[PDB]
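Accompanying notes for the structure given below.
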Protein chains: 2
Amino acid sequence: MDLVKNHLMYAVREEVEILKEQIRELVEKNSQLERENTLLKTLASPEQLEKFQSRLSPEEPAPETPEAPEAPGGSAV
Amino acid sequence: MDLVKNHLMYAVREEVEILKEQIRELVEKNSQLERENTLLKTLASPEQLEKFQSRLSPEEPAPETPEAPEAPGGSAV
C-alpha cells in the first residue's frame, strides 16, 4: 500500500487522531484568531475608541500608578 | 515536509516532542493571539465586560443562577 502513507494531509494517521485534530483546530483557531485579531487591530487602528493617545486625543497621563512615593526599600540601591 | 522521516536514523525525530512542540507553539501563538485579541477587543470594544469590576476578563458566562428577589438582575437597570 502506498496511499495510506500519502494522504496524511487527510489525517496523517500514524500519531494520534486527537492530537492531529488538536493541531488542526489549533491552527484553525489560531488562523481564525489571527484574522479576528487583525480585524480588531485594523478596526481599532484608525478611529474606534474614545480618544486617549496622541493621534486622537492626548490624555491618560502616566501608566496605572498613584501620585505618591510609597515603595519599600530603605537602601536597596 | 516528508523530510523528518528521512534522517530519523540520525536521531529518530518524530517522538512525542514534535507533537508537544507543535501543540506548545500552537498554544503559545494562540495564547499570544488571545492576550492581544482580548486586549484589542477590550480596547476597541470596552463594552463587553462591565459585567464585573472593569479590568480583568471580558466573558465569564453564567448558567441558571439565582438572582435577587426584586425585579432587576442584582446590579443593573
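Backbone N, Cα and C atoms are what each Cβ position is placed from, and that goes for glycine too.
Some features that Swiss-Prot has for this protein:
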COMPBIAS  B:68-77  compositional bias 'Low complexity'
MOD_RES   B:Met1  N-acetylmethionine
MOD_RES   B:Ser45  phosphoserine
REGION    B:19-40  region 'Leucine-zipper'
REGION    B:41-77  region 'Disordered'
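Tertiary proximity for the region 'Disordered' (B:41-77), restricted to same-chain residues at least six positions away from its ends with a CB under 8 Å from its CB atoms, involves no residues. B:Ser45 (phosphoserine) has a Cβ environment of 15 other Cβ atoms inside 10 Å. In this structure the alpha carbons, written CA, of B:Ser45 (phosphoserine) and B:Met1 (N-acetylmethionine) are 41 Å apart.
The DSSP breakdown of the region 'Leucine-zipper' (B:19-40) into helical (H, G, I), extended (E, B) and coil residues amounts to 22 helix, 0 strand, 0 coil. Per DSSP, the secondary structure of the compositional bias 'Low complexity' (B:68-77) breaks down as 0 helix, 0 strand, 10 coil. Counting only same-chain residues six or more apart in sequence, none has a Cβ lying under 8 angstroms from the Cβ of the residue listed as 'N-acetylmethionine'. Taken residue by residue with DSSP, the residue listed as 'N-acetylmethionine' is part of neither helix nor strand, so it is coil.
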